[PDB]
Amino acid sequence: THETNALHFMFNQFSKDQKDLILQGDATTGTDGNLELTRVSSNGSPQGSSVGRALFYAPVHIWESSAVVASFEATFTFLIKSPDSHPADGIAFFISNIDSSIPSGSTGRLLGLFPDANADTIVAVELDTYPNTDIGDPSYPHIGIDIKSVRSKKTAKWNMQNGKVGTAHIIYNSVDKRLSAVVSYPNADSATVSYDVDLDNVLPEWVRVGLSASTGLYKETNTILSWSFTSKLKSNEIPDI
């Protein structure tokens, strides 16, 4: 039908002066047509104590006073390399208040999203490369759903492939009120995580969507090779079933 508001963007390539991206922290574009979320040295080696994010310029309308909530899909391809086989801390796809910025000291385990481990409102999927078991991480690389806290509401084990290009697929289904992620490498296993959450209880009506990454003492390239996003809001739709 014809009763739907929608936003779609796709980057298969990033250049210098990517005017439709807001870059925060150490994030740069247009090195080999990639988005580097964390600082990489002149020789290609990642740096510690780094944090960076890229947000799409247009705000996204995610719910309305009718309790009608947008459905959305995000897809990105990433390259995490750690030459020392000591990677940290990971990549996140997030949804935030529109004027959200990098919280003070959100390097390392806090992934550029949270100021502490329990100002800004965050819903994220984490690709978490480093287990911090003292803040509820399982004791392995994992994907997680983060609702207003780095202490994931749900996690699944993630067999991350040092130096391989992987794909993350984020799905919000507003019929089911379910946030899900699938992370995969070619000719390898997929990891998946789901969590039931109505975003009209959690986020503002208007948000920005972004990618965030951090390093700490340990470090990794947090390289994004492509990023696509689609959001659909049908204002005259039944808000729940």
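For every residue, the number given is its place in the sequence shown, counted from 1.
Missing deposited residues between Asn118 and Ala119: 10 or more, all without coordinates in the entry. Look at the C-alpha B-factors of 77 to 85 and of 94 to 102. On average they run higher in 77 to 85. For the pair 53 to 61 and 23 to 31, the mean B factor over Cα atoms is greater in 23 to 31. The PDB entry assigns the greatest CA B-factor among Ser180, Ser212, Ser174, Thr215 to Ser174. Ranked within its chain, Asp198 lands in the lowest third, by CA B factor from the PDB record. Sorting the modelled residues of the chain by their CA temperature factor places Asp137 in the middle third. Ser228: CA B factor lies in the lowest third for its chain, per the PDB record.
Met160: CA B factor in the highest third of modelled residues in this chain (values from the PDB entry).
For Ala67, the recorded CA temperature factor ranks within the middle third of the chain's modelled residues.
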